[PDB]
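Coming up is one lone chain in structure tokens, specifically the form deposited in one PDB entry.
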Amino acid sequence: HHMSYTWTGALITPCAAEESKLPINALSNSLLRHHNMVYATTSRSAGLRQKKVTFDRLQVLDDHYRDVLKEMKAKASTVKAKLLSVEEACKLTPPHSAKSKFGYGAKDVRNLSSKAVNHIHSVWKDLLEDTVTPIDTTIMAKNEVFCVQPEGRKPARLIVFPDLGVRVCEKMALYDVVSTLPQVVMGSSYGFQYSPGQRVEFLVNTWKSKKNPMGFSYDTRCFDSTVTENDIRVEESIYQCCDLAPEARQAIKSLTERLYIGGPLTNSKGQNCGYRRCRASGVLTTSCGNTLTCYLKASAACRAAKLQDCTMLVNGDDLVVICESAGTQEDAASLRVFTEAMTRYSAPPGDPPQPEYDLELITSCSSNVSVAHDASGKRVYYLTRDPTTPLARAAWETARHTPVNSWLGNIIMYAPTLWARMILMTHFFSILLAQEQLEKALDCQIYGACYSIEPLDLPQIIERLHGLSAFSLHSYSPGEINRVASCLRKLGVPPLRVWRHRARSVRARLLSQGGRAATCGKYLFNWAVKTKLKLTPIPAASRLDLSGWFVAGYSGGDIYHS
């Protein structure tokens, strides 16, 4: 038996009171009236999740798999990675990261307190000295907000993470590796190197490079749970191809053996819940490991399937392939073979993949390409998504402060979209104005890494990522308009015409404030007025240090970039 998990029967327990019901305040109804459609996951559904993610994995590795791996190792051998100092690793820790079980917290780490630093040193020495003893981890149910899907509720996802002292050691050994290796190994196929605009450009340029394009997304069922001991050792063998300090080689070996491959699961109350033999969701290498393993299995599966001129785009477990169509009959056959190959490699599908011949209909990283027009009438492709989950989360954040402000990450990632501009920007600027909180930095997440961002810097941040056209887009596609309008009806959100009316008020209110607030009024809400102002490059935008923003994925990796 090669079971993903074994369980003792102890429960996955909360740390505090969990709310599942949408909190309601005086602001809630201005955004969303169908309150019973919005919920948060809690530890109450963790048992259901346990059942889904617990299964036997079989793996049959053929020559396509070994050929691809050999090519990947060749590329990896060109990477030179450095050790981070303790201070550098400490400064990457989020201020509100989970405290150590050993008497210090994230703030002590960030401040380089003698107690934190001495313990980190001792964890580091232990990693060098011992390469066998499984490292303890905490298992928790994530509290995440969704809209009910009648087609009702998702069980909580699990997060599995080692102690704070270990997490700092991971950064020291592996931050530079996980930040640099994936793009070297995968080239343009590595999704996390792209802003949303660069993602769209890569997908558009790829689609146009095929004589008769076909594309598909591949949805692996419970990817983390499909990741086998073999997979994690193969990831380590790729890491070791790098030019590394010998102390780094040893830490990486030790972390692989003791943490990455598996280990005991401890609940919040300190009881043993069981044992993991698959990917831990809360380690530094979760994103890089998943991306490498997905790309390996998929590249080999493409060879088994004989897909012609295939181009992959991989972001963790999220995979899209664009290739040369062999007619629609051979295309469907090819996907069945690809799927069979993936399954043999232990990556079976959730929903079976389907050939797509319209780029705008391929969803990947929950997103799709769509088309609008810029100020000169030119067709412009941009990244959008179904706004259901963004709006459900915004409703929650309307009434509750949360560690991660999804609305702000959403504005940043989806600035050019109809729904971020009309609803998210309007709603939240209105709240910030009222509470005089425009100048207060808020934490958000981009590709899993944490950023502290002042809302007043949004115009500059958006110009830098999306360009000035994000403030000028118009004539959105009927399909996009209709999906947005349909989502509002579903959630009981007021129609766009209401938001336009509200935005004129928000705009005027921002302009009245002068300074950076007026700039927000001017740039972000130019769409709301008939007498449209000329938007010109913002001098402040070029001064913004946006390095590290779209370099790598860090989901579960405990990374803070501010």
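In this text, the rigid core denotes the largest set of C-alpha atoms whose superposition between the two forms falls within 1.5 Å. Each residue number is its position in the shown sequence, starting from 1.
The entry shows a gap from residue 151 to residue 152, with 1 to 3 unmodelled residues of the deposited sequence in between. Two stretches are in play, 166-174 and 372-380, and the higher mean C-alpha B-factor belongs to 372-380. For the pair 67-75 and 122-130, the mean B factor over Cα atoms is greater in 122-130. Comparing C-alpha B-factors across 492, 264, 349, 316 in the deposited entry, the largest value falls on 349.
Sorting 229, 257, 236, 331 by the CA temperature factor given in the entry leaves 331 at the top. Placement of the Cα temperature factor of residue 219 within the chain: highest third of the modelled residues, per the deposited record. Annotation for residue 538: CA B-factor lies in the highest third of the chain's modelled residues. Among the modelled residues of its chain, residue 456 has a C-alpha B-factor that falls in the highest third, as given in the PDB entry. Sort the chain's modelled residues by C-alpha temperature factor and residue 188 lands in the middle third, per the entry. Residue-level temperature factors show residue 341 in the lowest third of its chain, judged at the C-alpha atom.
There is another form of the same protein, the form solved in complex with a small molecule; it is not shown, and what comes next is about it.
The contact with the small molecule in the bound PDB entry, taken as any heavy atom within 4.5 Å, belongs to 502 out of 64, 502, 516, 522. Contact annotation: of the candidates 265, 395, 301, 278, the single residue with a non-hydrogen atom within 4.5 angstroms of the small molecule in the bound PDB entry is 395. Against the small molecule in the bound PDB entry, the set 103, 166 and 167 makes no contact: no member has a heavy atom within 4.5 Å.
In the bound PDB entry, residue 491 approaches the small molecule with a heavy atom inside 4.5 Å. In the bound PDB entry, the small molecule stays beyond 4.5 Å of every heavy atom belonging to residue 506. In the bound PDB entry, no heavy atom of residue 510 sits within 4.5 Å of the small molecule. At a distance threshold of 4.5 angstroms between non-hydrogen atoms, residue 424 is in contact with the small molecule in the bound PDB entry. Figure note: of the listed segments 83-91, 424-432, 119-127, 105-113, the one touching the small molecule in the bound PDB entry, with heavy atoms no more than 4.5 Å away, is 424-432. After superposition on the rigid core, the single residue among 335, 359, 442, 300 whose C-alpha moves by 2 Å or more between this form and the one not shown is 442. The rigid-core alignment places the CA of residue 451 2 Å or more apart between this form and the one not shown. Fitting the two forms on the rigid core leaves the C-alpha of residue 510 displaced by at least 2 angstroms between this form and the one not shown. After superposition on the rigid core, displacement of the C-alpha of residue 433 between this form and the one not shown amounts to 2 Å or more.
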